[PDB]
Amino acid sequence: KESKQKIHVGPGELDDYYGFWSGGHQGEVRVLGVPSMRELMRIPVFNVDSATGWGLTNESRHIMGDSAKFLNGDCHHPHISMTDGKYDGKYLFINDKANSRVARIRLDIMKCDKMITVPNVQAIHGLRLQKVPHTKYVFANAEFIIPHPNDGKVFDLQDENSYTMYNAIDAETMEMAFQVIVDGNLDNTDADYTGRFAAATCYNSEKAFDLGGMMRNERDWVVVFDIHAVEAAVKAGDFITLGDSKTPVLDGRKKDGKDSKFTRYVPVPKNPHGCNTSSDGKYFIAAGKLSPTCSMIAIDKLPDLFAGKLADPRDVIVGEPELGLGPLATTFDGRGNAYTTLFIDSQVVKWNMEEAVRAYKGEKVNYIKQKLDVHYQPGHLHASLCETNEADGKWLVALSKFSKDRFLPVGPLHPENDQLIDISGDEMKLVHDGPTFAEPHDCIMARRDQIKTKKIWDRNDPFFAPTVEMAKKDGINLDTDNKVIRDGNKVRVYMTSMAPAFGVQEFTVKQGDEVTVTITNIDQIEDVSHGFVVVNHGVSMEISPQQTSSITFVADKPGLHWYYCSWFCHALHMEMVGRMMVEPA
């Protein structure tokens, strides 16, 4: 009834929830403790991390594939895998708008373990997960219409072969499952609580490239996907492929006004943005952005819509409440209220969904409960467990783009303001302003008990299994060996490390040799991480307890070159060093 949760997490006390923040155009994922709002860990994903060597090590570059050549990413939408509509703590997925990727993070090790470049698209933006029966598919929007093929003969966005596609990735294999060509474009997406339906907002129904063109239509739409119908067509072989990708491609466009089997287009005003599934599974709610509304699609009416039982796609709209200026996203407390960010008015508005549905029928009922000022210009917002049937109505985070005077000045570039709001009672209460770097757009919270992590690595972990395989071809037992393998101009150093000593403390090579150093940390004490840096060679990486990590570099400078442990690991940490001796050409 009253909103009175405690926010202080004192020394020695622990946070109640994990928070997983997108890193925005900085490209990483950040783990926070909630309600303290402190950053506990950074998980490199699309960024190159000097500390752990993500982007430099062989294990990381193998996961990134050819996209290892890119040093940037732009991530917005972190989501946790589900079983039976509840978080299962297995995986976190996130998009990369800058280089068109999806990444998977394993929540037991808190590392990115798979990455895919989505084929034949540009800019992976919207991303959310199937909820029921479990996260079989990752659903991802490609935002920008492009020519097909994109070979430089045709540039017109109006061409019959210019379009974008909705993407489904197999969550477990991290291979593409299928793609659906759509009209217009794609902004954000969500899924239902059965597995049959997904939905995405579109703001460029006009297929224009200019600002005024993209705002011409009074209504764009939410495109709804009959995933069962897509799956049936794939199983029957009723698909095409594009370019050199084997991914099954289904055509979800309207042809001469005739609907595809795979899609329905529900008109929604106007350049709508957020696309959020209510926790009771009743509605896809589209945030109206240029229209001061949200539109509520009754998921219960979608089978009739696809069966041809409804005379008009607008018939699945059962509410369209007027809320305020610039609605961008919606979340849920599991008590029947929705909470929507108003970018222009700079507020969070709390409103009762069933009352909004009755107001749409002509009933005189006030569905707006409260408007709370936020600081300033909120984008997305997220209530604890909102993406699950266990939405607990405890905490809300609103992620606001202009912090202005809310923090000390730090130069021309400002932090975002991610504000923690207590929603446990009848009144929302602002309790903490959290400055963050580079515009997290969205975040996701999980109860402490939904996340189970490893304290030390398993020696059979898939994360470094290819390196274990390399060692096997060299006849190396990584748990014990300290040896230097010579192979023409290639040199493969294998060593164990146990604080405060590297297992190989010197080695000699020829100028120009390509050197690979593989280190296995055989300490068993939790938290005794080691590092490895080769001075003046651009080489740096983490080796945590029982991990094997490897890095490759060319020894292009004759002479003595020191290497050292970068992770303070022991009172003799400064002395944990070695020498690479490079004999001149």
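The first residue of the sequence shown is number 1, and the count goes up from there.
Stretches compared: 475 to 483, 151 to 159. Higher mean C-alpha B-factor in the entry: 151 to 159. Here the stretch with the larger average CA B-factor, out of 257 to 265 and 86 to 94, is 257 to 265. Residues shown: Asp108, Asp418, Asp458, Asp333. Highest C-alpha temperature factor in the entry: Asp458. Highest C-alpha temperature factor among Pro440, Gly126, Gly411, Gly184 per the entry: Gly411.
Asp74: CA B factor lies in the lowest third for its chain, per the PDB record. Among all modelled residues in its chain, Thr548 ranks in the lowest third by Cα B-factor. Per-chain ranking of the deposited C-alpha B factor places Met576 in the middle third. The PDB entry assigns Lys136 a C-alpha temperature factor belonging to the lowest third of its chain's modelled residues. Ranked within its chain, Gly33 lands in the middle third, by CA B factor from the PDB record.
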